[PDB]
**Student:** 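Take this structure, written in structure tokens, and hold onto it; I'll ask about it next.
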Amino acid sequence: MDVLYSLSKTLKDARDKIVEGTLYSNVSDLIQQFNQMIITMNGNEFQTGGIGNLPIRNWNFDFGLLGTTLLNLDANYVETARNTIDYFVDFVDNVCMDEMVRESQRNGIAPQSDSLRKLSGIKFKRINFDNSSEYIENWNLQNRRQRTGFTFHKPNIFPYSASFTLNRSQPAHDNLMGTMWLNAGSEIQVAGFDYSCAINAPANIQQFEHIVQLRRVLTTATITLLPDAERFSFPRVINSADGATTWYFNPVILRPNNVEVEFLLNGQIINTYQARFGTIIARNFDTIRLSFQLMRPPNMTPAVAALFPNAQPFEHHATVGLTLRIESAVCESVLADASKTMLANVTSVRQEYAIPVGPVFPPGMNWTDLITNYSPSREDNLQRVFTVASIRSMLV
Amino acid sequence: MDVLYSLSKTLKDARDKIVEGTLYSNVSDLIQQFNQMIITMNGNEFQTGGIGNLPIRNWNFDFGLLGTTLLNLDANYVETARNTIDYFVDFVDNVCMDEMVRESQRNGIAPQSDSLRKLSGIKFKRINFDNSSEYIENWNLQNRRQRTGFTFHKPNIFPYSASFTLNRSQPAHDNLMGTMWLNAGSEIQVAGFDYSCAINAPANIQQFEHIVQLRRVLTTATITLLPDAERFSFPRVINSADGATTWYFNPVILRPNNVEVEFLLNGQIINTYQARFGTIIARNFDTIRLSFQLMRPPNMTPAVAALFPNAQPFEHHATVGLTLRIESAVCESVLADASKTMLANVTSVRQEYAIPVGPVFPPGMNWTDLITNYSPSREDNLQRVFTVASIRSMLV
Amino acid sequence: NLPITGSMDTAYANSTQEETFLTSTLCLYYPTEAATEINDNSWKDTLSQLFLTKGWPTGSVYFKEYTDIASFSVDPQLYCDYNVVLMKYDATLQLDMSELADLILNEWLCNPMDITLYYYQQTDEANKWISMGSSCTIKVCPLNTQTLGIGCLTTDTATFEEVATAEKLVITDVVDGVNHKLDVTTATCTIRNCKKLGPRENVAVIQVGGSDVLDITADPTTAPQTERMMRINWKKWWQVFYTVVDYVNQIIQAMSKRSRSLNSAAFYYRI
Amino acid sequence: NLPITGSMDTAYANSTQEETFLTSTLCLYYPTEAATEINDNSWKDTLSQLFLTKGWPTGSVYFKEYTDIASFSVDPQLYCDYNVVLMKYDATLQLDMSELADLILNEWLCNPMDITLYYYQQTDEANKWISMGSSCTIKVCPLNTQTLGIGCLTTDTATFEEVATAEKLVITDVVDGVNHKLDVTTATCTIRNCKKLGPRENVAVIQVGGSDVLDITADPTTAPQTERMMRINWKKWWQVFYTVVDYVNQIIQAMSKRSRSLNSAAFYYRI
Ligand SMILES: *[C@@H]1O[C@H](CO)[C@@H](O)[C@H](O)[C@H]1NC(C)=O
Ligand SMILES: *[C@@H]1O[C@H](CO)[C@@H](O)[C@H](O)[C@H]1NC(C)=O
Ligand SMILES: [Ca+2]
Ligand SMILES: [Ca+2]
Ligand SMILES: [Ca+2]
Ligand SMILES: [Ca+2]
Ligand SMILES: [Ca+2]
Ligand SMILES: [Ca+2]
Ligand SMILES: [Ca+2]
Ligand SMILES: [Ca+2]
Ligand SMILES: [Cl-]
Ligand SMILES: [Cl-]
Ligand SMILES: [Zn+2]
Ligand SMILES: [Zn+2]
Ligand SMILES: [Zn+2]
């Protein structure tokens with residue numbers, strides 16, 4: 001991986017810096033590294049592909065070195081460099097694609113393609129140079145068994161789930177108490193509803209709770225909390241739990257009461273915010289506990305008093321919502337997020353070449369299944385393929 | 001692991017071979033290896049950690065070389081060697097214990113304790129010599145991504161499960177048809193029971209099927225198959241599936257008819273055995289399908305015909321059994337088995353020092369839970385700890 | 001009762017209308033004047049066959065007759081899994097019909113009221129006094145802390161406050177938190193202290209003619225018309241029964257299974 | 001009917017007897033002579049109170065009276081969730097007792113028979129002909145493969161073979177696979193072609209006095225005597241009822257819920 005990344009970085013620097021008219025002083029070290037790469041790769045045969053519809057390709061390296069006596073680069077030097085750069089870039093892209101489409105259960109972190117396994121030999125470490133990208137940096141930290149870290153803007157940590165729970169229910173579904181939620185990506189919209197508006201509640205208060213378990217620990221997370229769940233603030237007909245029938249939800253929104261968002265790590269309360277909305281910080285957590293209350297308004301105007309009668313029928317159903325959005329976070333494991341494209345790259349490469357479903361990832365690289373059962377083996381394979389995808393993105 | 005194994009092997013060889021009066025020609029290579037170990041270890045400081053109640057221990061190595069120039073080993077030589085060997089054996093045992101009690105979700109195949117991580121450095125590679133044990137051989141094969149093989153006598157492959165399935169049932173539980181089984185270790189006992197004795201069956205034949213999906217592929221397996229299942233051939237009072245009530249079982253054993261044992265790999269029939277009892281060979285399989293039949297005897301003596309009336313009540317219930325014992329097998333993964341002691345050693349070491357439950361293994365190293373969810377991370381950690389346990393057992 | 005967790009992505013199941021029609025019974029309650037006007041001894045069989053055309057198995061639809069609203073209100077016994085009451089409208093009985101609805105469109109937990117030995121009070125808005133019989137004349141005398149009476153003398157029933165006279169059914173609501181001496185004709189009336197638990201889903205009331213006058217809630221601020229309170233204009237009873245038969249699926253859709261666990265003694269007509 | 005998979009370690013639930021009594025009902029069937037000897041106008045009330053001491057809520061236990069075994073045999077309707085039939089033993093009515101026990105202790109699937117038009121045969125051992133009514137007289141004429149009577153004349157009903165005379169209930173079991181012409185007093189009794197599905201687990205029969213003579217299976221080689229067929233000795237009916245009440249726990253233990261789905265809507269009690 002380090003050798004493949006170094007090949008890609010050398011090629012990218014060659015593309016960027018070997019330009020017409022530039023002082024040789026601007027590329028001397030780069031030209032030395034490039035010639036070292038040529039020397040190391042010369043006489044080596046590689047084979048990529050042979051999986052799915054990815055074609056089998058044979059790579060031979062017999063290249064001359066670049067000149068070193070120029071003061072300023074000219075057209076001839078640039079074209080001579082560019083021929084070799086094109087061949088090497090094609091080789092690196094094919095190696096990256098071959099590695100992105102393979103997976104193993106026991107040793108998924110290790111290289112899978114024969115080309116990368118061959119490149120993992122000692123003699124190729126001469127190619128190795130600056131490893132500055134975030135993903136290669138984390139790869140090297142992981143290989144050294146140091147603490148790793150990935151910054152995610154809107155991390156896709158919550159698998160898609162639009163569900164509900166009815167703590168009070170009847171077959172006719174006319175006096176319902178419960179809570180409905182959507183967890184999607186970095187978003188958690190929850191809404192606790194009481195059809196009776198907590199008229200019979202002990203203190204005219206109904207307590208609603210929502211616990212969301214994150215499959216990985218998030219640190220240095222910035223979250224925005226808002227007091228309404230727009231997703232569950234309009235009337236809708238919702239299937240029954242068994243699917244036998246459907247019920248009617250007719251929300252009327254009241255502000256949530258005694259809002260308390262707790263961020264927990266291993267069952268211990270790390271962060272706690274009561275009646276706090278806007279931007280909050282969760283420094284380290286793996287579980288979120290949103291506990292809110294529906295409080296019956298003790299004083300009501302005639303219209304509000306008309307909304308909520310003493311007994312059934314209950315035509316307007318009191319609802320209190322919370323919205324939680326993780327805008328940024330840091331995770332020791334790789335995750336899909338809104339800003340990056342590694343998941344998209346891996347899925348695109350797997351789809352374009354009709355890679356058969358492997359024993360590790362879910363079919364079609366579907367993210368909800370992947371994050372629902374994010375096992376250590378899946379984490380290893382995902383880190384490998386994401387690092388390969390970033391390396392490929394340097395060039396392609 | 002190879003360095004730790006080589007330390008243990010050198011110490012075991014020294015203890016076995018460095019004996020009073022023995023020719024030096026019997027130990028020359030052993031003495032050379034022992035002196036190499038002393039030179040490599042001299043001047044190095046080691047620490048076995050304080051995980052759980054395991055004491056923190058510090059090890060310093062400053063030992064003179066074992067002497068040459070003796071035709072036959074005398075008592076002074078053996079005494080000096082015994083002092084050095086005792087200290088080294090204590091160090092190796094403590095390192096093995098420290099490694100046996102640690103685990104990681106990811107990279108669980110790598111060393112966990114600081115002592116073994118230090119031993120994994122290049123400078124200690126000199127200590128490495130003959131790796132002949134089955135576990136170290138398979139460890140080296142796994143390191144190189146080669147085919148691995150562990151031979152087990154009575155492999156612990158089936159998690160404990162005493163369950164039943166009622167294909168025909170009703171609240172009174174007086175006319176039941178179904179199967180009850182115990183899958184434990186290398187043994188499967190199954191029994192298909194019909195209370196009506198197939199009086200109303202299409203051809204007076206009731207078909208029973210039992211599918212056991214092994215969580216690891218077994219190869220070169222010798223299996224004893226016996227007609228009757230003694231575990232389900234006596235009267236029982238069995239709880240209902242939901243535990244609401246208890247039903248009565250009153251077996252009368254008829255011989256199983258049209259017995260069909262299929263050993264399947266990836267849903268493909270690898271081995272088939274029809275009406276065969278005694279020793280059979282399943283060369284490569286991961287699923288077992290036992291299809292047997294209860295055939296109503298066309299001719300019944302007056303005593304027999306009294307047990308099987310035309311209609312209810314059915315006081316005697318016709319049962320056909322099957323026993324299947326895996327006497328020995330080969331698996332690419334590490335498993336508990338009757339003969340070896342790796343699981344017992346690891347569990348004993350963890351229990352003795354009150355090691356807190358980690359994130360990899362079930363509490364108490366429970367084998368049923370371990371093998372029910374035998375995940376790749378669990379396989380890596382289990383192979384690591386079992387190899388360390390086998391290394392320790394060479395000396396302790 | 002346990003929490004029920006459901007996914008909003010679950011697929012809708014097929015129509016269960018045919019299965020519930022096959023495995024449930026329908027009771028139709030009509031006034032005797034309906035049978036009089038129809039003037040046919042086989043109309044039960046004809047309606048059963050028409051319901052069979054609608055899907056109900058033969059014999060699942062039970063036809064029950066009552067003389068009038070007043071007589072029907074004396075301890076009505078609803079048997080089938082689904083009950084439909086064709087209630088004739090009378091401008092003079094607006095309360096009575098309402099009371100009848102309030103008794104059959106809601107679940108009631110009732111206990112005896114031996115007024116000769118005890119003075120009773122209504123603890124909350126759900127508590128009412130349901131009196132049923134041939135003739136229910138209920139007089140009320142609110143009492144004070146010394147249990148003597150306000151604007152009434154406990155001994156003199158004449159001075160009592162009249163809340164019902166010559167009634168087959170009456171639901172009495174007095175001011176809560178006050179003890180009352182009750183004088184009822186126990187010979188021809190039984191009074192019960194009752195709490196309304198909630199709607200009774202398996203009973204629908206179709207008002208034949210008139211306007212919306214039903215008020216199944218004692219609260220003056222609410223007069224809610226649930227889906228189980230239908231109202232049809234009419235001139236012939238055959239048309240009424242034909243529209244009941246044709247829209248039977250709609251009527252049952254507005255109704256649900258009773259879902260209540262009872263402790264009382266009533267027969268049922270079930271399949 | 002899906003397979004049920006269970007583990008042999010599932011923890012037992014607590015006793016459901018209390019909730020079962022609170023949510024089920026018991027119908028006790030006794031002869032008229034029982035009430036005649038008891039000679040009390042409220043023995044039902046005291047029996048219900050004793051049952052309440054035993055657990056059953058008031059109004060849950062129902063008491064049904066029948067004149068005698070013969071009269072009770074004419075289309076017996078069993079209402080409650082649990083039914084206990086106290087059948088007195090008469091040494092001269094053993095077959096009638098057996099027929100009643102066979103009818104009410106087993107589940108039957110019956111269809112009508114037109115003895116006037118078509119010939120009939122019994123397919124298998126589970127197939128019988130149950131005829132009940134005010135008076136059942138059944139004569140049978142077995143036919144040969146040319147639909148000609150054997151030892152009987154199709155045209156002449158006098159040559160028929162008599163299998164029932166003036167019976168109120170009779171189960172006819174003829175040779176299977178042979179077509180028979182049936183002469184039945186259809187004007188006073190109905191014959192139905194029935195198949196025995198299985199046992200009725202909610203009906204227990206307590207034989208008062210006598211010996212074990214019941215035979216609910218036509219097979220000569222079986223006299224089952226299931227756990228739902230009890231027998232007691234008696235001199236007074238009050239002792240019999242006290243024994244029934246005291247050991248109602250065991251009696252219900254011997255019975256299970258019906259568990260059969262019926263396509264016919266009948267009258268039942270269900271709490
Ligand atoms: C539901 O309806 C569909 C469409 O007619 C049919 O294919 C299916 O078998 C029905 N039953 C179920 C259980 O889905
Ligand atoms: C069941 O019985 C046990 C022991 O008598 C008692 O503690 C428990 O509350 C009962 N109920 C349940 C639901 O376990
Ligand atoms: Ca009235
Ligand atoms: Ca007055
Ligand atoms: Ca009141
Ligand atoms: Ca009102
Ligand atoms: Ca008879
Ligand atoms: Ca004759
Ligand atoms: Ca027969
Ligand atoms: Ca018999
Ligand atoms: Cl954004
Ligand atoms: Cl053995
Ligand atoms: Zn629901
Ligand atoms: Zn052995
Ligand atoms: Zn069961």
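Each chain gets a letter, A, B and so on, in the order the sequences are listed, and its residues count up from 1. These numbers come from the heavy atoms of this one structure, side chains and all, not from hydrogens, waters or symmetry mates.
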**Student:** Identify, with sequence neighbours excluded, every residue that meets salt bridge (charged side-chain N to carboxylate O under 4.0 Å, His left out) alongside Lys88(D).
**Tutor:**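 Per chain and number, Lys88(D) pairs via salt bridge (charged side-chain N to carboxylate O under 4.0 Å, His left out) with no residue.
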**Student:** Please state whether the rings of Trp238(D) and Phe241(D) are parallel, tilted or perpendicular, taking 30° and 60° as the class boundaries.
**Tutor:**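 Rings of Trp238(D) and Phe241(D): perpendicular, as their planes differ by over 60°.
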**Student:** Can you give me the closest heavy-atom contact between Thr185(C) and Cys136(C), atom names plus distance?
**Tutor:**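 Residues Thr185(C) and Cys136(C), closest heavy atoms: OG1-CA, 4.3 Å.
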**Student:** Could you walk me through whether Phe72(D) and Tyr29(D) pass ring pair (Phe, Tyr, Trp, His ring centres under 6.0 Å), step by step?
**Tutor:** CA-CA 10 Å; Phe72(D) 187 40; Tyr29(D) 304 82; 5.6 Å; yes
**Student:** Does any donor atom in the side chain of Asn249(D) or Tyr247(D) lie under 3.5 Å from an acceptor atom in the other side chain?
**Tutor:**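 No, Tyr247(D) and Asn249(D) have no side-chain donor paired with an acceptor closer than 3.5 Å.
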**Student:** Looking at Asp114(C), I want to see if its CG is surrounded by more than 12 non-hydrogen atoms of other residues, nucleotides or ligands under 6.0 Å.
**Tutor:**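 Atom CG in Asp114(C) is crowded, with more than 12 foreign heavy atoms closer than 6.0 Å.
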**Student:** Could you go through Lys54(D) and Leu50(D), starting from their C-alpha distance and side-chain angles, then the distance that decides it, and tell me whether this counts as side chain to side chain contact (heavy atoms under 4.5 Å, CB included)?
**Tutor:** CA-CA 6 Å; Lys54(D) 208 51 48 153; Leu50(D) 293 161; over 6 Å; no
**Student:** Side-chain contact test, heavy atoms from C-beta onward, threshold under 4.5 Å: evaluate it for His180(D) versus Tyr119(D) and give yes or no.
**Tutor:**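 Result no, sub-4.5 Å side-chain heavy-atom pair not found.
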**Student:** I'd like to know if the side chain of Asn250(B) and the backbone of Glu315(B) have a donor-acceptor N/O pair within less than 3.5 Å.
**Tutor:**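 Yes; judged by distance alone, with no hydrogens or angles, the pair exists.
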**Student:** I want to check something: taking the side chain as every heavy atom from C-beta on, are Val237(B) and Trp247(B) in contact at a cut-off of under 4.5 Å?
**Tutor:**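 No - every pair of side-chain heavy atoms lies 4.5 Å or more apart.
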**Student:** Under a 3.5 Å threshold, yes or no: a donor from one side chain and an acceptor from the other, between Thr32(D) and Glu65(D)?
**Tutor:**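 Side chains of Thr32(D) and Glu65(D): pair found under 3.5 Å.
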**Student:** Any donor-acceptor pair under 3.5 Å linking the side chain of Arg231(D) with the backbone of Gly210(D)?
**Tutor:**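 Yes, because the side chain of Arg231(D) sits within donor-acceptor range (under 3.5 Å) of the backbone of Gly210(D).
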**Student:** Please confirm whether the ring centroid of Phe314(B) lies under 6.0 Å from the ring centroid of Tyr195(B).
**Tutor:**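 Not close enough - the centres of the two rings lie 6.0 Å or further apart.
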**Student:** Quick check: does any side chain N or O of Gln122(D) sit under 3.5 Å from a backbone N or O of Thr172(D), one acting as donor and the other as acceptor?
**Tutor:**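 Flag set: sc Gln122(D) to bb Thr172(D) pair under 3.5 Å.
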**Student:** Side-chain contact test, heavy atoms from C-beta onward, threshold under 4.5 Å: evaluate it for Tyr242(D) versus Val244(D) and give yes or no.
**Tutor:**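 No. Closest side-chain heavy atoms not under 4.5 Å.
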**Student:** Are there over 12 heavy-atom neighbours, none belonging to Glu37(D), within less than 6.0 Å of that residue's CD?
**Tutor:**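 Atom CD in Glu37(D) is crowded, with more than 12 foreign heavy atoms closer than 6.0 Å.
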**Student:** Between the side chain of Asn127(D) and the main-chain N/O of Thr123(D), is any donor-acceptor distance below 3.5 Å?
**Tutor:**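 Judged by distance alone, yes, a pair lies under 3.5 Å.
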**Student:** Is any side-chain heavy atom of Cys197(B) closer than 4.5 Å to one of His317(B)?
**Tutor:**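 SC-SC contact between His317(B) and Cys197(B) ruled out.
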**Student:** Check the pair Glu107(D), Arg258(D) against salt bridge (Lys or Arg N to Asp or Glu O under 4.0 Å), reporting the backbone distance first and the verdict last.
**Tutor:** CA-CA 9 Å; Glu107(D) 286 285 6; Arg258(D) 204 218 185 109; 2.5 Å; yes
**Student:** Distance-only, no hydrogens or angles: does the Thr165(D) side chain make a donor-acceptor pair with backbone N or O of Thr137(D) under 3.5 Å?
**Tutor:**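 Between the backbone of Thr137(D) and the side chain of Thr165(D) there is no qualifying donor-acceptor contact (under 3.5 Å).
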**Student:** Is the backbone N or O of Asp68(C) less than 3.5 Å from a side-chain atom of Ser71(C), with the two atoms forming a donor-acceptor pair by type?
**Tutor:**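 No; zero donor-acceptor contacts below 3.5 Å.
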**Student:** Give the C-alpha distance, both sets of side-chain angles, the deciding distance and a yes or no for salt bridge (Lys or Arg N to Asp or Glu O under 4.0 Å) between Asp102(D) and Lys196(D).
**Tutor:** CA-CA 9 Å; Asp102(D) 209 320; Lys196(D) 217 195 252 197; 3.2 Å; yes
**Student:** Using atom types as modelled and distance alone, determine if a side-chain donor or acceptor of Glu201(D) lies under 3.5 Å from a backbone N or O of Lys257(D).
**Tutor:**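 Looks like no, no N/O pair under 3.5 Å.
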**Student:** Minimum heavy-atom separation for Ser60(C) and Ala265(D), please, with both atom names.
**Tutor:**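 Smallest heavy-atom distance, with atoms named: CA-CB, 3.9 Å.
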**Student:** Please determine whether the number of non-hydrogen atoms from other residues, nucleotides or ligands lying under 6.0 Å from atom CG of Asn41(D) exceeds 12.
**Tutor:**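 At most 12 heavy atoms, drawn from other residues, nucleotides or ligands, come within 6.0 Å of this atom.
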**Student:** Quick check: does any side chain N or O of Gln207(D) sit under 3.5 Å from a backbone N or O of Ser211(D), one acting as donor and the other as acceptor?
**Tutor:**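 Confirmed, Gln207(D) side chain pairs with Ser211(D) backbone.
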**Student:** Kindly write out the residues that satisfy side chain to side chain contact (heavy atoms under 4.5 Å, CB included) with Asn111(D), not counting sequence neighbours, or none if the list is empty.
**Tutor:**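 With sequence neighbours excluded, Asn111(D) shows a side chain to side chain contact (heavy atoms under 4.5 Å, CB included) to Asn193(D), given in chain and number order.
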**Student:** Heavy atoms only: give me the nearest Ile216(D)-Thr226(D) pair and the separation to one decimal.
**Tutor:**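 Smallest heavy-atom distance, with atoms named: CD1-CG2, 4.3 Å.
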**Student:** Answer with yes or no after comparing the ring centroid distance for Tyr62(C) and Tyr268(C) against a 6.0 Å cut-off, counting only values under it.
**Tutor:**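 No: the rings miss the under 6.0 Å criterion.
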**Student:** Can you see whether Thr217(D) engages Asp219(D) through a side-chain donor-acceptor pair at a distance of less than 3.5 angstrom?
**Tutor:**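 Not at all, the side chains of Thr217(D) and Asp219(D) share no donor-acceptor pair under 3.5 Å.
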**Student:** Suppose we screen for salt bridge (charged side-chain N to carboxylate O under 4.0 Å, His left out). Which residues come up paired with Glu162(D), at least two apart in sequence or across chains?
**Tutor:**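 Applying salt bridge (charged side-chain N to carboxylate O under 4.0 Å, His left out) to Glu162(D) gives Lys139(D).
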**Student:** Of all heavy-atom pairs between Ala254(D) and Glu227(D), which one has the smallest distance, and what is that distance?
**Tutor:**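 What the structure gives for the nearest pair is O-OE2, 3.3 Å.
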**Student:** Are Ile252(D) and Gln17(D) side-chain neighbours, meaning at least one heavy-atom pair lies under 4.5 Å?
**Tutor:**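 Contact flag for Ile252(D)/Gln17(D) side chains = no.
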**Student:** Check the angle between the aromatic planes of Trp43(D) and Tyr30(D) and answer parallel, tilted or perpendicular using the 30° and 60° thresholds.
**Tutor:**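 It falls in the perpendicular class, over 60°.
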**Student:** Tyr269(C) and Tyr79(C): aromatic ring centres closer than 6.0 Å?
**Tutor:**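 So the answer is no for these two rings.
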**Student:** Contact between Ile69(D) and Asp90(D) at the side-chain level, heavy atoms closer than 4.5 Å - yes or no?
**Tutor:**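 They are not in contact (no side-chain heavy atoms under 4.5 Å apart), so the answer is no.
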**Student:** Is it the case that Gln49(C) and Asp45(C) place a side-chain donor and acceptor less than 3.5 Å from each other?
**Tutor:**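 Short answer, yes.
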**Student:** Is there a side chain to side chain contact (heavy atoms under 4.5 Å, CB included) between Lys64(C) and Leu28(C)? Walk through the geometry before answering.
**Tutor:** CA-CA 6 Å; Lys64(C) 183 68 180 181; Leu28(C) 245 178; over 6 Å; no
**Student:** Just to verify, which of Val208(D), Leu100(D), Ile104(D) counts as forming a side chain to side chain contact (heavy atoms under 4.5 Å, CB included) with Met87(D)?
**Tutor:**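 Going through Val208(D), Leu100(D), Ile104(D) one by one, the side chain to side chain contact (heavy atoms under 4.5 Å, CB included) with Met87(D) is satisfied by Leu100(D) alone.
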**Student:** Applying salt bridge (charged side-chain N to carboxylate O under 4.0 Å, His left out), name anything that partners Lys44(D), two or more places apart in sequence or on another chain.
**Tutor:**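 Counting only residues at least two positions away or on another chain, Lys44(D) forms no salt bridge (charged side-chain N to carboxylate O under 4.0 Å, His left out).
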**Student:** Dump the intermediate steps for side chain to side chain contact (heavy atoms under 4.5 Å, CB included) on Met113(D) and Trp129(D), then the final yes or no.
**Tutor:** CA-CA 9 Å; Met113(D) 287 170 75; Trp129(D) 297 330; 3.7 Å; yes
**Student:** Within the structure provided, determine whether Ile130(D) and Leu169(D) are in side-chain contact (heavy-atom separation under 4.5 Å).
**Tutor:**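 They are in contact (side-chain heavy atoms under 4.5 Å apart), so the answer is yes.
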**Student:** Look at the side chain of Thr188(C) and the backbone N and O of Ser135(C), then say whether any donor-acceptor pair between them is shorter than 3.5 Å.
**Tutor:**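 A pair under 3.5 Å: yes.
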**Student:** Could you check whether any side-chain heavy atom of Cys80(D) comes within less than 4.5 Å of a side-chain heavy atom of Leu26(D), counting everything from C-beta outward?
**Tutor:**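 No, side chains not in contact.
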**Student:** Start with the C-alpha gap between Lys181(D) and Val140(D), add the side-chain angles, then the distance that decides, and say whether side chain to side chain contact (heavy atoms under 4.5 Å, CB included) holds.
**Tutor:** CA-CA 6 Å; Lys181(D) 190 167 202 266; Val140(D) 200; over 6 Å; no
**Student:** Which residue pairs pass the ring-ring contact (aromatic ring centres under 6.0 Å, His included) test when at least one of the two sits in residues 82-118 of chain D, sequence neighbours left out?
**Tutor:**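 Qualifying pairs: none.
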**Student:** Could you tell me which residues satisfy side chain to side chain contact (heavy atoms under 4.5 Å, CB included) with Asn263(C), sequence neighbours excluded, listed by chain and number?
**Tutor:**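 Scan of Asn263(C) (side chain to side chain contact (heavy atoms under 4.5 Å, CB included), adjacent residues dropped) gives none.
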**Student:** If I compare all heavy atoms of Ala164(D) with all of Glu167(D), which pair ends up nearest, and what's the gap?
**Tutor:**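 Scanning both residues, the minimum pair turns out to be CB-CG, 4.4 Å.
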**Student:** Can you find a side-chain donor-acceptor pair between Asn175(B) and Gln170(B) that sits under 3.5 Å?
**Tutor:**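 Judged by distance alone, the side chains do not pair up.
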**Student:** Ignoring hydrogens and angles, tell me if any N or O in the side chain of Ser240(B) forms a donor-acceptor pair with the backbone of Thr245(B) under 3.5 Å.
**Tutor:**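 Judged by distance alone, yes, a pair lies under 3.5 Å.
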**Student:** Using every non-hydrogen atom in the two residues, find where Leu86(D) and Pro31(D) come nearest and quote the distance to one decimal.
**Tutor:**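 Shortest heavy-atom contact: O-CD, 3.8 Å.
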